[PDB]
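Starting off, we have a lone chain in the form deposited in one PDB entry, written out as structure tokens.
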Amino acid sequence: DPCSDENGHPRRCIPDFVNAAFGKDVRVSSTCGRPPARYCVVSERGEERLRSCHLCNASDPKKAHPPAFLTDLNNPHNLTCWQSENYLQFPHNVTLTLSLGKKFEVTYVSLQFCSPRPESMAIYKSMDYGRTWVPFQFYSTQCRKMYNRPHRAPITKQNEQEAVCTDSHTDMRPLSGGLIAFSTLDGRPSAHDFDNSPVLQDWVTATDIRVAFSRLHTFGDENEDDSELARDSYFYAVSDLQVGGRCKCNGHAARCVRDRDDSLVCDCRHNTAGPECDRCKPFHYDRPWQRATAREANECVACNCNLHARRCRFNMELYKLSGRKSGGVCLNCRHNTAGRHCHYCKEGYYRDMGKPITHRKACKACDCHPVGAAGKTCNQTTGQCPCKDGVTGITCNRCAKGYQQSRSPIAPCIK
């Protein structure tokens, strides 16, 4: 357990870097096999190009190529590729979208193709679950023409989040096994200083990863009798999609875990709560929430209601009046107690001592003498009602030394 030290006391903890994509369902714009249809594998040996053909059949697992194969275990000698439908050229965009439902720090994105690589393609992140998409990186042989970015634009302080376009890793050539691989901090000026770079802190943060294949390579011949089979030779196919990174829990977790809803969330510690660990757990609002830092754990603490209140709320006034120690304010405070911490008795009650402060019957009712005492409200401690002139006793039901009873209820002791 890295979230507390050798002794009991909490410390900042960060979860492990991983292939965030592994085993995850990737959403795809296209998959061959529904209905089933022919595809062709093209190979070259020098002067010649050879061609084998096969059926993509979704309904038959031995001939299917579903998205699950993008994030399965990659054994290099039993490769499994997702395969798009044949010839979705332009402007047809085919997309692999990985929604983590949770903020991650992305460190790389890797693709391994079983087809030739895309001529043009783009990696995107979302920071707001589905809604908006921003570009991480482009890859194309026509950057200005295709993505309206300039070729190999130099990354600079001025804008360190620049989605570069590049003709690198665009060659039709490795006809399979082509490898494209974006790294988020590769190039970025402040990467060495990353942990003090707010610009880059943002840059790596993302909830989703979209991969858009926008145009695909064709051969320089494409024979005329080959019309159907040449068309059937062009598709996108990927054997392995990775997204390196870690969960963003705010120093309050060492694990991310799927939950009640089977949705990914921090295994949240230090009495914190929420998916990012960005707020406090119920009944733990004595001090306000913070990211755990290098020096300090900032475990938000359990507010005290002396076993009288079920809920509690934070208040800054109270917090500030103590030396920033406690600010919890207990609510609907039960059993005829009241206050911040339910530590004293409701007006018109008093503490039955001996019975300790925490006990359900720690406040007995006041019960003043209805003509002897002036008022209903006792002393919280000692229960002494406020007696009229020449009356004493805790209930104020006897005249004092010096005093006799009167015939009037108003002034019932007189001398």
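Only residues modelled in both forms are compared. Position 1 is the first residue in the sequence shown; the rest follow in order. The term rigid core refers to the maximal set of C-alpha atoms that superpose within 1.5 Å between the two forms.
There is another form of the same protein, the form deposited in another entry; it is not shown, and what comes next is about it.
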statement: The mover among 263, 168, 156, 75 between the shown form and the other one, judged by a CA shift of 2 Å or more on the rigid core, is 263
message: Does residue 349 shift between the shown form and the other one by 2 angstroms or more at the C-alpha, the core having been superposed?
response: yes
query: Rigid core fitted, is the C-alpha displacement of residue 286 between the shown form and the other one 2 Å or more?
result: yes
message: Superposing on the rigid core, I want to see if residue 89 changes position between the shown form and the other one - specifically a Cα shift of 2 Å or more.
response: no
- request: With a shift of at least 3 angstroms, figure out whether the C-alpha spacing between residue 92 and residue 226 grows or shrinks in the other form: closer or farther?
  value: closer
statement: Working note: in the other form the C-alpha atoms of residue 66 and residue 259, off by 3 Å or more, come farther
task: Once the rigid core is superposed, list every run of three or more consecutive common residues with all C-alpha shifts of 2 angstroms or more between the shown form and the other one, in sequence order.
output: 1 to 14, 45 to 48, 221 to 226, 249 to 415
